[PDB]
$ cat upload.tsv   # TSV, C-alpha atoms
chain	number	residue	atom	x	y	z
A	643	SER	CA	25.76	-13.53	-19.44
A	644	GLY	CA	22.75	-13.37	-17.16
A	645	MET	CA	20.25	-10.92	-18.60
A	646	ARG	CA	17.14	-9.83	-16.73
A	647	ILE	CA	13.46	-9.58	-17.60
A	648	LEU	CA	11.76	-6.97	-15.44
A	649	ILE	CA	8.41	-8.05	-14.03
A	650	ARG	CA	7.02	-4.53	-14.54
A	651	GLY	CA	8.59	-2.48	-17.32
A	652	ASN	CA	10.69	-3.02	-20.42
A	653	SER	CA	14.03	-4.82	-20.64
A	654	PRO	CA	16.57	-5.34	-23.43
A	655	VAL	CA	15.52	-8.99	-23.53
A	656	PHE	CA	11.86	-7.94	-23.82
A	657	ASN	CA	10.70	-4.47	-24.92
A	658	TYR	CA	7.09	-3.74	-25.88
A	659	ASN	CA	6.46	-0.59	-27.93
A	660	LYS	CA	2.89	0.60	-27.41
A	661	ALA	CA	3.10	3.21	-30.17
A	662	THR	CA	3.66	0.64	-32.92
A	663	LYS	CA	2.33	-2.17	-30.68
A	664	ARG	CA	5.36	-4.35	-31.47
A	665	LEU	CA	7.49	-6.71	-29.38
A	666	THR	CA	11.29	-6.65	-29.62
A	667	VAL	CA	13.30	-9.51	-28.10
A	668	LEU	CA	17.06	-9.00	-27.82
A	669	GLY	CA	16.92	-6.43	-30.62
A	670	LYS	CA	15.18	-8.77	-33.05
A	671	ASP	CA	11.46	-8.57	-33.82
A	672	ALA	CA	8.78	-10.88	-32.42
A	673	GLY	CA	5.54	-9.51	-33.86
A	674	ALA	CA	2.51	-7.38	-33.08
A	675	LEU	CA	-0.05	-7.65	-30.28
A	676	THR	CA	-3.76	-6.87	-30.40
A	677	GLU	CA	-5.90	-6.02	-27.35
A	678	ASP	CA	-8.17	-8.48	-25.58
A	679	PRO	CA	-11.74	-7.17	-25.15
A	680	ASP	CA	-11.40	-8.27	-21.51
A	681	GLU	CA	-8.29	-6.08	-21.18
A	682	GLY	CA	-8.58	-4.13	-17.95
A	683	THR	CA	-8.99	-0.37	-18.17
A	684	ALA	CA	-9.11	0.71	-14.51
A	685	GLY	CA	-5.30	0.52	-14.42
A	686	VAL	CA	-5.28	-2.12	-11.68
A	687	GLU	CA	-2.38	-4.51	-12.30
A	688	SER	CA	-2.44	-7.79	-10.38
A	689	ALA	CA	0.51	-9.76	-11.80
A	690	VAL	CA	3.30	-7.53	-10.53
A	691	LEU	CA	3.32	-8.59	-6.87
A	692	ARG	CA	2.69	-11.81	-4.98
A	693	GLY	CA	-0.33	-10.68	-2.97
A	694	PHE	CA	-0.90	-7.05	-3.93
A	695	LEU	CA	-2.81	-5.04	-6.52
A	696	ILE	CA	-1.22	-1.93	-8.04
A	697	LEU	CA	-4.24	0.36	-7.81
A	698	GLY	CA	-2.70	3.26	-9.71
A	699	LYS	CA	-0.05	5.97	-9.68
A	700	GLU	CA	1.65	7.66	-6.73
A	701	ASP	CA	-0.67	8.89	-3.97
A	702	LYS	CA	1.15	11.15	-1.51
A	703	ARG	CA	-1.86	11.08	0.84
A	704	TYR	CA	-1.11	7.55	2.06
A	705	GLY	CA	2.41	8.55	3.10
A	706	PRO	CA	6.01	7.98	2.03
B	579	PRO	CA	2.05	17.75	16.29
B	580	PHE	CA	2.32	13.96	16.31
B	581	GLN	CA	-0.68	13.69	13.99
B	582	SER	CA	1.23	15.90	11.54
B	583	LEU	CA	3.59	12.97	10.93
B	584	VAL	CA	0.96	10.24	10.55
B	585	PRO	CA	-0.19	9.85	6.92
B	586	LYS	CA	-3.25	11.92	6.08
B	587	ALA	CA	-5.14	9.04	4.45
B	588	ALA	CA	-4.74	6.82	7.53
B	589	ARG	CA	-5.12	9.03	10.62
B	590	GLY	CA	-8.74	7.94	10.98
B	591	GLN	CA	-8.41	4.24	10.19
B	592	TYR	CA	-5.45	4.03	12.57
B	593	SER	CA	-7.12	5.97	15.38
B	594	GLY	CA	-10.26	3.85	15.42
B	595	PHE	CA	-8.18	0.69	15.52
B	596	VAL	CA	-6.35	2.04	18.56
B	597	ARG	CA	-9.51	3.40	20.18
B	598	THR	CA	-11.42	0.14	19.73
B	599	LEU	CA	-8.37	-1.74	20.98
B	600	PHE	CA	-8.10	0.60	23.96
B	601	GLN	CA	-11.75	-0.15	24.71
B	602	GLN	CA	-10.89	-3.86	24.79
B	603	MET	CA	-8.56	-3.08	27.69
B	604	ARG	CA	-11.30	-1.36	29.70
B	605	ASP	CA	-13.75	-4.23	29.14
B	606	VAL	CA	-11.61	-7.21	30.18
B	607	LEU	CA	-9.29	-6.79	33.15
B	608	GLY	CA	-5.70	-8.01	33.17
B	609	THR	CA	-4.94	-6.61	29.70
B	610	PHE	CA	-3.91	-3.16	30.98
B	611	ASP	CA	-0.47	-2.97	29.37
B	612	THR	CA	1.31	0.29	30.17
B	613	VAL	CA	3.82	0.01	27.32
B	614	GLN	CA	1.19	-0.79	24.69
B	615	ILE	CA	-1.00	2.13	25.78
B	616	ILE	CA	1.88	4.61	25.81
B	617	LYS	CA	3.06	3.36	22.41
B	618	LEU	CA	-0.33	3.51	20.69
B	619	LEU	CA	-1.94	6.51	22.40
B	620	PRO	CA	-0.76	9.33	20.05
B	621	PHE	CA	-2.51	7.65	17.11
B	622	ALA	CA	-5.88	7.96	18.88
B	623	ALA	CA	-6.18	11.73	18.42
B	624	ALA	CA	-8.10	11.94	15.15
B	625	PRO	CA	-11.65	11.76	13.74
B	626	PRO	CA	-11.72	7.97	13.99
B	627	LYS	CA	-13.21	5.83	11.24
B	628	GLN	CA	-14.25	2.17	11.20
B	629	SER	CA	-12.70	-0.65	9.18
B	630	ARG	CA	-12.27	-4.38	9.69
B	631	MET	CA	-8.55	-4.07	8.91
B	632	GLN	CA	-6.38	-5.41	11.75
B	633	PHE	CA	-3.17	-3.41	11.50
B	634	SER	CA	0.18	-4.98	12.36
B	635	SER	CA	2.25	-1.78	12.17
B	636	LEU	CA	1.35	1.90	11.97
B	637	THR	CA	3.27	4.15	9.60
B	638	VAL	CA	4.89	7.49	10.40
B	639	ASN	CA	6.55	10.03	8.12
B	640	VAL	CA	10.07	11.05	9.19
B	641	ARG	CA	12.12	13.21	6.81
B	642	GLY	CA	10.26	11.71	3.86

$ encode --input "upload.tsv" --output "structure tokens"
Amino acid sequence: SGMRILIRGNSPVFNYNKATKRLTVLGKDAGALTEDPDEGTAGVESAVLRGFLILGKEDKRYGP
Amino acid sequence: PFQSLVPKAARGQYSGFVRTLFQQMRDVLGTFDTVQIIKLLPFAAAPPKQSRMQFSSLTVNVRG
């Protein structure tokens, strides 16, 4: 069966729980993750698109 | 009415790009394209801004 890993989000093959900060792979447990001091805080995500930066949430001003 | 469709956050940046481009037609002769002018004219009506961005396509909002 061909399962999928979503580039942005959580998938059954890979689910990250922020609350407990734990990684679950195919139901089983993988471990816990700390936070890098360099971890970005502005919300800008760069590794979700080939040549684009996700600058934030929906902005209806820019259009549909 | 046309400017009601164009996205709010891009009416200026679009308009300037058209206006500047329209100026390029008045400077150099032989570039007076009727179809291009008619196509791009409605985007001019706005408080134009300035940006180096060279648009390829201008967005419009139609039924969301």

$ residues_around --input "upload.tsv" --residues "residue 645 of chain A" --least-positions-apart "2" --cutoff "10 Å" --atoms "only C-alpha atoms" --output "PyMOL selection string"
chain A and resi 643+647-648+653-655+668

$ interface_residues --input "upload.tsv" --of "chain B" --to "chain A" --cutoff "8 Å" --atoms "only C-alpha atoms" --output "list in words"
residues 584, 585, 586, 587, 588, 637, 638, 639 and 642 of chain B

$ write_last_selection --input "upload.tsv" --atoms "C-alpha atoms" --output "CSV table (one decimal), in the frame of the given file"
chain,number,residue,atom,x,y,z
B,584,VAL,CA,1.0,10.2,10.6
B,585,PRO,CA,-0.2,9.8,6.9
B,586,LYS,CA,-3.2,11.9,6.1
B,587,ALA,CA,-5.1,9.0,4.4
B,588,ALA,CA,-4.7,6.8,7.5
B,637,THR,CA,3.3,4.2,9.6
B,638,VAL,CA,4.9,7.5,10.4
B,639,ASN,CA,6.6,10.0,8.1
B,642,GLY,CA,10.3,11.7,3.9

$ closest_residue --input "upload.tsv" --among "A:650, A:674, A:690, A:698" --to "residue 662 of chain A" --atoms "only C-alpha atoms"
A:674

$ closest_residue --input "upload.tsv" --among "A:697, A:646, A:670, A:659" --to "residue 683 of chain A" --atoms "only C-alpha atoms"
A:697

$ residues_around --input "upload.tsv" --residues "segment 592-595 of chain B" --least-positions-apart "4" --cutoff "10 Å" --atoms "all atoms listed in the file" --output "PyMOL selection string"
chain B and resi 584-585+587-588+599-601+618-633+635-637

$ atom_distance --input "upload.tsv" --atom1 "atom CA of residue 675 of chain A" --atom2 "atom CA of residue 660 of chain A"
9.2 Å

$ atom_distance --input "upload.tsv" --atom1 "atom CA of residue 676 of chain A" --atom2 "atom CA of residue 695 of chain A"
24.0 Å

$ atom_distance --input "upload.tsv" --atom1 "atom CA of residue 663 of chain A" --atom2 "atom CA of residue 644 of chain A"
26.9 Å
